Structure formats: C-alpha cells, structure tokens
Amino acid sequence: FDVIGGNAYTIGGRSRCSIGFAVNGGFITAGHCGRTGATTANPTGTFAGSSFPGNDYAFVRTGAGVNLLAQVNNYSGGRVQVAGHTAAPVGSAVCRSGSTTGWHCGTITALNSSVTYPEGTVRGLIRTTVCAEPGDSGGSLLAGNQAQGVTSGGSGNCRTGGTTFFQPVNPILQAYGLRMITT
C-alpha cells in the first residue's frame, strides 16, 4: 500500500483525516485525528504519539507492506515531490492537499497564531487563506516542494472561502526524533 501525503486514511472506519507526510517509521498527521494506541487502516498503522490541544500533531507508526513515499497527491492525477522541510515566511504561496476538497492554495498570513477549538486552545499555528473542510485535517501543506505543516482546522469552506491553520512540521519532527523521507 502506498502512503502519499493528502490521501485519506481511516480510524475505526471513519475517514476523519488525511496523511501529512511520510517520515521514517510511518507518517505524521494532526493530533486531533486520534489518540496514542488508536489503529488506522489505509494504511494499517497505530498512533504512537499525539498532542492535542495545545499542539495539534501526531505520528502514526506503519509496518509491513506499507510503502512510504516522499510525495503529496496533487489531486489532478500527479504527485508533488517532497524535497525538504525548510519553513517558508509569511506571504508565501502555499498549497494544501486533503482528502475532502483536494488541492487548494493560498498564502501564509501569520505564524504562531492561536485558535480555540471546542476541545481547547491550540497555539503555535500557521495561519493561511487556504480553505479546508473536515476530512482535510492532518493533510499536507507545501510551499513548493518544502513541507510546512499539517492541516489543523479553521473556518469557512472551499465553496465560499475560509481561513485554515496548520501545525508546523518542525516541532513534530523534533518531538519524536523523526526524519522526513526524501526518496
């Protein structure tokens, strides 16, 4: 089974979230998607660290038969190569891949933003003009070929527009001592 950024995965049968990025040992996604020990399908895996609220990140460990690719689905029948994870500055054009709305782009308008979800406050977020809908959570945010973050949440939708916040990738890699797959 191929793990590609932006694709749906399921948790207890529910397509709640999208894949963020492939890393050594599995993939990273949003913490609100599930708690440590929860199991996924497509791909088969287990949450092996989750931080939400406060942060919004998680790592899902995958095992045999799962190919971890340095790619993000562009939802036009192609893939985008993930080349690194150098953070882009405010004003940068960024595109999000998620399993509900596909590929949508916008610009970074703030860093270290806070939002208050029903569950509590999440801080340290990338604020953007990219739209997202439920199902897109956990999905990839790219500036060109550089991983920026995974979809956390926001307001609005892709029909009328909205504001979407992303958990930056660097703190996730640091939290779990992970390296992004490049090849």
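For every residue, the number given is its place in the sequence shown, counted from 1.
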Original post:
So which stretch wins on mean C-alpha B-factor, 85 to 93 or 98 to 106?
Top reply: 85 to 93
Original post:
Which is higher in the entry, the mean Cα B factor of 7 to 15 or that of 21 to 29?
Top reply: 7 to 15
Original post:
Between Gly45, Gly138, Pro134, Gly124, which one tops the list for C-alpha B-factor in the PDB entry?
Top reply: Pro134
Original post:
Out of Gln146, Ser114, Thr128, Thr151, which one has a C-alpha B factor higher than all the others in the entry?
Top reply: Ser114
Subject >> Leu142 - Cα temperature factor, lowest/middle/highest third of chain >> reply: lowest
**OP:** Classify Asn55 as lowest, middle or highest third according to the C-alpha B-factor given in the PDB entry, relative to its own chain.
**Re:** lowest
Original post:
Within this chain, which third does the Cα B-factor at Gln167 fall in: lowest, middle or highest?
Top reply: lowest
